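As stored in upload18.tsv (TSV, C-alpha atoms):
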```
chain	number	residue	atom	x	y	z
K	1	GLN	CA	82.40	62.70	87.92
K	2	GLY	CA	85.31	64.17	85.81
K	3	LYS	CA	89.17	64.27	85.37
K	4	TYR	CA	89.42	67.50	87.36
K	5	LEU	CA	88.30	67.65	90.90
K	6	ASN	CA	85.64	70.11	91.86
K	7	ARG	CA	88.00	72.14	93.93
K	8	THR	CA	90.35	72.40	90.98
K	9	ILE	CA	87.56	73.58	88.66
K	10	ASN	CA	86.41	76.07	91.33
K	11	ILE	CA	89.90	77.56	91.45
K	12	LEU	CA	89.87	77.86	87.64
K	13	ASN	CA	86.46	79.55	87.66
K	14	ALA	CA	87.50	81.93	90.44
K	15	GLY	CA	90.55	82.64	88.33
K	16	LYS	CA	88.34	83.77	85.44
K	17	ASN	CA	86.59	86.24	87.71
K	18	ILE	CA	89.94	87.62	88.85
K	19	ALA	CA	91.01	87.87	85.22
K	20	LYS	CA	87.94	89.92	84.32
K	21	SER	CA	88.56	92.18	87.31
K	22	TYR	CA	91.98	92.99	85.82
K	23	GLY	CA	90.38	93.66	82.45
K	24	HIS	CA	91.54	90.41	80.85
K	25	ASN	CA	89.36	88.44	78.44
K	26	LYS	CA	91.99	85.67	78.60
K	27	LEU	CA	92.67	83.73	81.79
K	28	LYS	CA	96.40	83.83	82.66
K	29	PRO	CA	98.44	81.72	85.12
K	30	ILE	CA	98.85	84.64	87.58
K	31	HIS	CA	95.05	84.82	87.78
K	32	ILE	CA	94.83	81.14	88.58
K	33	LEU	CA	97.56	81.56	91.23
K	34	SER	CA	95.54	84.39	92.87
K	35	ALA	CA	92.55	82.03	93.03
K	36	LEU	CA	94.56	79.06	94.29
K	37	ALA	CA	96.25	81.08	97.07
K	38	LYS	CA	92.86	82.23	98.35
K	39	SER	CA	90.97	78.95	98.09
K	40	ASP	CA	90.27	76.72	101.11
K	41	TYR	CA	92.55	73.94	99.94
K	42	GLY	CA	95.23	76.09	98.37
K	43	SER	CA	95.57	78.31	101.45
K	44	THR	CA	95.97	75.30	103.72
K	45	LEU	CA	98.54	73.86	101.31
K	46	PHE	CA	100.71	76.98	101.39
K	47	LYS	CA	100.40	77.18	105.18
K	48	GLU	CA	101.74	73.65	105.66
K	49	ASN	CA	104.70	74.46	103.47
K	50	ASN	CA	105.27	77.03	105.43
K	51	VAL	CA	104.64	79.87	102.68
K	52	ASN	CA	103.60	83.05	104.47
K	53	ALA	CA	100.10	83.77	103.30
K	54	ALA	CA	100.38	87.55	103.64
K	55	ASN	CA	103.63	87.80	101.80
K	56	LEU	CA	102.46	85.55	98.96
K	57	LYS	CA	99.19	87.51	98.49
K	58	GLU	CA	101.25	90.70	98.39
K	59	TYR	CA	103.51	89.34	95.62
K	60	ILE	CA	100.45	88.11	93.73
K	61	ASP	CA	98.64	91.45	93.94
K	62	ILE	CA	101.72	93.33	92.75
K	63	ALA	CA	101.94	91.01	89.72
K	64	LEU	CA	98.18	91.25	89.07
K	65	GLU	CA	98.43	95.04	88.91
K	66	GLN	CA	101.57	95.08	86.76
K	67	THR	CA	99.85	92.84	84.22
K	68	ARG	CA	96.45	94.61	84.33
K	69	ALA	CA	94.89	94.75	80.87
K	70	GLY	CA	92.12	97.24	81.64
K	71	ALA	CA	89.40	98.38	84.02
K	72	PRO	CA	87.18	95.56	85.33
K	73	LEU	CA	85.16	93.90	82.53
K	74	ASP	CA	81.42	93.32	82.99
K	75	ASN	CA	81.10	90.06	84.93
K	76	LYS	CA	78.91	88.87	82.04
K	77	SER	CA	81.61	89.28	79.39
K	78	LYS	CA	83.47	86.43	77.71
K	79	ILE	CA	86.70	84.92	78.99
K	80	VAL	CA	88.75	82.11	77.44
K	81	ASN	CA	91.88	80.21	78.48
K	82	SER	CA	95.09	81.79	77.24
K	83	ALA	CA	97.56	79.52	75.47
K	84	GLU	CA	99.66	79.84	78.65
K	85	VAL	CA	96.82	78.37	80.71
K	86	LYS	CA	96.19	75.58	78.20
K	87	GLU	CA	99.78	74.68	78.97
K	88	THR	CA	99.27	75.00	82.73
K	89	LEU	CA	96.51	72.39	82.42
K	90	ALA	CA	98.50	70.08	80.13
K	91	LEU	CA	101.34	70.10	82.65
K	92	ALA	CA	98.93	69.60	85.60
K	93	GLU	CA	97.47	66.60	83.81
K	94	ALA	CA	100.95	65.24	83.09
K	95	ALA	CA	102.00	65.66	86.72
K	96	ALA	CA	98.82	63.97	87.97
K	97	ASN	CA	99.38	60.99	85.70
K	98	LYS	CA	103.00	60.75	86.75
K	99	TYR	CA	102.04	60.56	90.44
K	100	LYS	CA	99.40	58.05	89.62
K	101	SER	CA	96.45	60.31	90.52
K	102	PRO	CA	93.31	59.56	88.47
K	103	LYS	CA	92.21	63.17	89.07
K	104	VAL	CA	93.88	66.56	88.75
K	105	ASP	CA	94.08	68.15	92.22
K	106	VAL	CA	95.34	71.49	93.50
K	107	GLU	CA	98.95	70.31	93.93
K	108	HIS	CA	99.01	69.25	90.28
K	109	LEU	CA	97.69	72.64	89.23
K	110	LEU	CA	100.36	74.16	91.46
K	111	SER	CA	103.03	72.17	89.59
K	112	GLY	CA	101.60	73.33	86.26
K	113	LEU	CA	101.54	76.96	87.34
K	114	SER	CA	105.24	76.79	88.18
K	115	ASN	CA	105.95	76.72	84.41
K	116	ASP	CA	104.75	80.29	84.04
K	117	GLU	CA	107.66	82.74	84.32
K	118	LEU	CA	105.76	85.35	86.35
K	119	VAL	CA	104.32	82.74	88.72
K	120	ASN	CA	107.67	81.02	89.02
K	121	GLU	CA	109.39	84.31	89.98
K	122	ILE	CA	106.87	84.60	92.77
K	123	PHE	CA	107.36	81.00	93.96
K	124	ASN	CA	111.13	81.49	94.05
K	125	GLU	CA	110.69	84.58	96.21
K	126	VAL	CA	108.60	82.82	98.77
K	127	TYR	CA	111.12	80.03	98.76
K	128	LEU	CA	108.88	77.53	97.08
K	129	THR	CA	111.34	75.91	94.68
K	130	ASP	CA	110.87	73.24	92.01
K	131	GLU	CA	112.37	70.72	94.43
K	132	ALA	CA	109.83	71.77	97.07
K	133	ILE	CA	106.97	71.38	94.62
K	134	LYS	CA	108.03	67.85	93.67
K	135	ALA	CA	108.17	67.03	97.37
K	136	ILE	CA	104.60	68.26	97.84
K	137	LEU	CA	103.58	66.03	94.95
K	138	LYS	CA	105.59	63.07	96.26
K	139	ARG	CA	103.99	63.38	99.72
K	140	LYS	CA	100.59	63.59	98.36
K	141	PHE	CA	101.04	60.35	96.43
K	142	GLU	CA	102.46	58.63	99.47
K	143	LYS	CA	99.40	59.48	101.55
K	144	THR	CA	97.56	57.36	99.06
K	145	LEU	CA	99.49	54.29	100.15
```

Structure rendered as structure tokens:
Amino acid sequence: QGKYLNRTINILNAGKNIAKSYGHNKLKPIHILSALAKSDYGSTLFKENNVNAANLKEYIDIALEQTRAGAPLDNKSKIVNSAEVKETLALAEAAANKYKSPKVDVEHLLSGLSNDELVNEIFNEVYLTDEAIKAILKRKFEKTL
């Protein structure tokens, strides 16, 4: 039970581990994107939209390194959501409710992540536009019907 699907929560928790690896004690949208791109569901999603997996991971890793906050933190140190991520989740929740989904899934998280300027630069470079995202969301709803 819960408003977030398991797979969504798993992406968020993998994101925290990526954040610590880049020396961050605050989870950031780029960290969540790294996690989403590598997850089972996220990787399949990008494939179908025809987003080259190698090229996307390469953009993500460049951005992860540019924004590195330190050497890896002990994987028993404390990590909290940044204000940026609290927004990611608020927008994911809003998008899910708009498309009449009772749970927040990976596509909704994807829509939320597109608010972040760093993540959105990346999306625009792999030709995943705002219009494309909406279409992903619209198709997902329609498979419900």

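With only C-alpha atoms as the atoms that count, the residue of K:88, K:67, K:45, K:122 with the shortest distance to residue 140 in chain K is K:45.
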
Could the residues of range 41-122 of chain K that have an atom at most 7 Å from range 16-25 of chain K be listed as a Markdown table, each with its closest atom pair and the distance in Å to one decimal, counting all atoms listed in the file and ordered by chain and ascending residue number?
```
| residue | atom | partner | partner_atom | distance |
| --- | --- | --- | --- | --- |
| K:68 | CA | K:22 | CA | 5.0 |
| K:69 | CA | K:23 | CA | 4.9 |
| K:70 | CA | K:23 | CA | 4.1 |
| K:71 | CA | K:23 | CA | 5.1 |
| K:72 | CA | K:21 | CA | 4.2 |
| K:73 | CA | K:20 | CA | 5.2 |
| K:75 | CA | K:20 | CA | 6.9 |
| K:78 | CA | K:25 | CA | 6.3 |
| K:79 | CA | K:25 | CA | 4.4 |
| K:80 | CA | K:25 | CA | 6.4 |
```

Seminar exercise, completed: A straight line from CA of residue 51 in chain K to CA of residue 125 in chain K spans 10.0 Å

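Nearest residue to residue 89 in chain K among K:37, K:119, K:32, K:132 is K:32, counting all atoms listed in the file.
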
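For the choices K:118, K:64, K:113, K:96, the atom-to-atom distance to residue 137 in chain K is smallest for K:96 when using all atoms listed in the file.
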
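CA of residue 130 in chain K sits 13.1 Å away from CA of residue 49 in chain K.
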
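Of the listed residues K:127, K:28, K:39, K:92, the one whose atoms come nearest to residue 105 in chain K is K:92, with distances taken using only C-alpha atoms.
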
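One distance worth recording is that between CA of residue 109 in chain K and CA of residue 143 in chain K, which is 18.1 Å.
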
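With distances restricted to all atoms listed in the file, K:120 is the closest residue to residue 59 in chain K from K:81, K:97, K:44, K:120.
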
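Nearest residue to residue 14 in chain K among K:136, K:33, K:66, K:52 is K:33, counting all atoms listed in the file.
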
With 4 Å added on each side, what axis-aligned box encloses every listed atom of range 17-30 of chain K? Give the centre and edge lengths in Å to one decimal, as lines of an AutoDock Vina configuration file.
```
center_x = 92.7
center_y = 87.7
center_z = 83.6
size_x = 20.3
size_y = 19.9
size_z = 18.4
```

Problem set entry | residue 103 in chain K environment, 8 Å, only C-alpha atoms, sequence neighbours closer than 6 positions dropped, as a PyMOL selection string | chain K and resi 2-5+96
